[PDB]
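J.: Structure for this input, please:
(one chain, ligands or ions: 2)
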Amino acid sequence: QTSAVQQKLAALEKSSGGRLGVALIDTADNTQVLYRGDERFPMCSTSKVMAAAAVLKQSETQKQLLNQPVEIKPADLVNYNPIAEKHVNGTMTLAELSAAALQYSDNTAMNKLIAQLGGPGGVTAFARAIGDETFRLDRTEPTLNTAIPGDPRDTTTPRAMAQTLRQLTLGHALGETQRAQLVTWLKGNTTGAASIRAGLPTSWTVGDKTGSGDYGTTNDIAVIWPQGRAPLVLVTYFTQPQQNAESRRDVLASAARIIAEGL
Ligand SMILES: O=C(Nc1cccc(-c2nnn[nH]2)c1)c1cc(-c2nnn[nH]2)cc(C(F)(F)F)c1
Ligand SMILES: O=C(Nc1cccc(-c2nnn[nH]2)c1)c1cc(-c2nnn[nH]2)cc(C(F)(F)F)c1
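T.: Residues are numbered from 1 along each chain as shown. Ligands and ions are numbered 1, 2, ... in the order given. Next up is the structure itself:
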């Protein structure tokens, strides 16, 4: 069946000229609302959540791991390094790298998390260990953001990402202290106010991770604490056929607004 919310999302998509993917889980009842929920989309920097969570998982058996230093050499800097460039020829701890990756979207910090896991396949292996059979990370930064239509690399589906984000932030994929740390990091994101957040009532609390890339790819994944309701998880993925299209965070906001009104 096509619901009223799905029809509105289809109209939004048609007007946008791109391809939109949405998955909502409402923990009030565990019901899901999906739009293209089983289609693959490039994750771009939303994949930073999985990498940071995988390192948090390692920290459950190594109480000092998040204090472990990692060398930042000049050759490690990639194309967006607002935090890591201040540490070149020095070090950052795994906690600092995780915070920089999640809250500033630092691509050098992401590459250090990937390396701590043994490469992109180490992130995919963690995803599988927590029940996500869909996610795949194939490349490091920055090339994981090429977002080429039809390319399977570095993709997931909205449904799979919403389920995993639920398990990570509200469920028991991580130990209690690690889950609290991930939620703290997401709630302190600096990049999210024009994306899902912009479509929701201002009284609600949001933790989110954005992403963007070529093909005008514009993404956001969020855990939401509404007013007077149990938490939600919402994934909004958008990509465009025109390679040099500008990103459209407003489309993500519009999709979130449609979802919120249909609750
Ligand atoms: O730094 C960014 N991107 C980037 C980095 C390096 C090269 C190119 C490039 N290559 N070719 N054209 N641009 C683009 C970037 C973009 C967005 C965005 N844009 N739109 N919606 N979100 C948001 C953020 C952040 F971190 F603040 F969340 C960063
Ligand atoms: O690295 C990129 N982007 C980036 C970097 C850091 C944070 C965020 C972000 N975080 N949150 N939202 N965006 C986004 C990036 C962007 C483009 C692009 N954009 N437009 N045209 N080409 C192309 C590439 C590449 F290498 F694959 F070709 C990479």
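J.: For the stretch 151-263 of the chain, just list every one of the helices.
T.: Along the stretch 151-263 of the chain, counting by DSSP state H, counting those that start in this stretch, helices occupy 158-169, 176-187, 249-262.
J.: Pick the most deeply packed of those.
T.: A comparison of the helices of the stretch 151-263 of the chain by mean neighbour count, using mean count of other C-beta atoms under 10 Å, puts helix 158-169 on top with a mean of 24. (Each C-beta comes from the backbone N, C-alpha and C, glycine too.)
J.: relative to helix 176-187, how tilted is that helix?
T.: Orientation of helix 158-169 against helix 176-187 (axes from the mean of the first three to the mean of the last three C-alpha atoms, to 10 degrees) gives an angle of 120 degrees.
J.: and helix 158-169, what other elements does it pack with?
T.: strand 19-26, strand 31-35, helix 48-59, helix 176-187, strand 217-225, strand 232-239 (3 or more C-beta pairs under 8 Å, 6 or more residues apart in numbering; DSSP states H and E).
J.: Nearest to residue 8, out of these?
T.: Taking C-beta to C-beta, strand 31-35 is the member of those nearest to residue 8, at 9.4 Å.
J.: can you tell me which of the helices and strands packed on helix 158-169 comes nearest to ligand 1?
T.: Nearest to ligand 1 among the helices and strands packed on helix 158-169 is strand 217-225 (5.4 Å), distances taken as C-beta to the nearest ligand atom.
J.: And ligand 1, is stretch 108-122 touching that?
T.: No: using C-beta under 6 Å from any ligand atom, we find that stretch 108-122 stays clear of ligand 1, coming within 11.1 Å at best.
J.: which other residues reach that stretch?
T.: Here stretch 108-122 makes contact (C-beta atoms under 8 Å, 6 or more residues apart in numbering) with 45, 48, 51-52, 54-55, 58, 70, 72, 76-78, 80-81, 83-85, 92, 94, 96-98, 100-101, 123, 125-126, 137-141, 144.
J.: Could you pick out the buried ones from these?
T.: Buried residues within these, defined by neighbour count using 16 or more other C-beta atoms under 10 Å: 45, 48, 51-52, 54-55, 58, 70, 72, 76-78, 80-81, 83-84, 92, 94, 96-98, 100-101, 123, 126, 137-138, 140-141, 144.
J.: Keep only those that also lie close to ligand 2.
T.: Checking these against ligand 2 by C-beta under 6 Å from any ligand atom, the ones in range are 45, 80.
J.: So which of the contacts of stretch 108-122 are in helices?
T.: Mapping the contacts of stretch 108-122 onto helices (DSSP state H) picks out 48, 51-52, 54-55, 58, 94, 96-98, 123, 125-126.
J.: what's the neighbour count on residue 131?
T.: Neighbourhood size, residue 131 [other C-beta atoms under 10 Å]: 12.
J.: Make sure it is indeed in a helix.
T.: No: per DSSP: H, G, I helix; E, B strand; the rest coil, residue 131 lies outside any helix segment and is coil.
J.: That one touches residue 166, doesn't it?
T.: No: using C-beta atoms under 8 Å, residue 131 is not in contact with residue 166; the gap is 10.6 Å.
J.: can you list residues touching both of these two?
T.: Common neighbours of residue 131 and residue 166 are not found (criterion: C-beta under 8 Å, 6+ apart).
J.: out of everything not next to it in sequence, what's closest to the most centrally placed residue in the chain?
T.: Residue closest to the mean C-alpha point of the chain, counted by C-alpha atoms, centre = their mean, is residue 46 at 2.5 Å. Residue nearest to residue 46 in three dimensions, not counting chain neighbours: residue 211, with 4.3 Å by C-beta to C-beta, 6 or more residues apart in numbering.
J.: check contacts around that neighbour.
T.: Taking C-beta under 8 Å, 6+ apart as the test, what residue 211 contacts is 43, 44, 45, 46, 47, 48, 105, 145, 217, 218, 219, 220.
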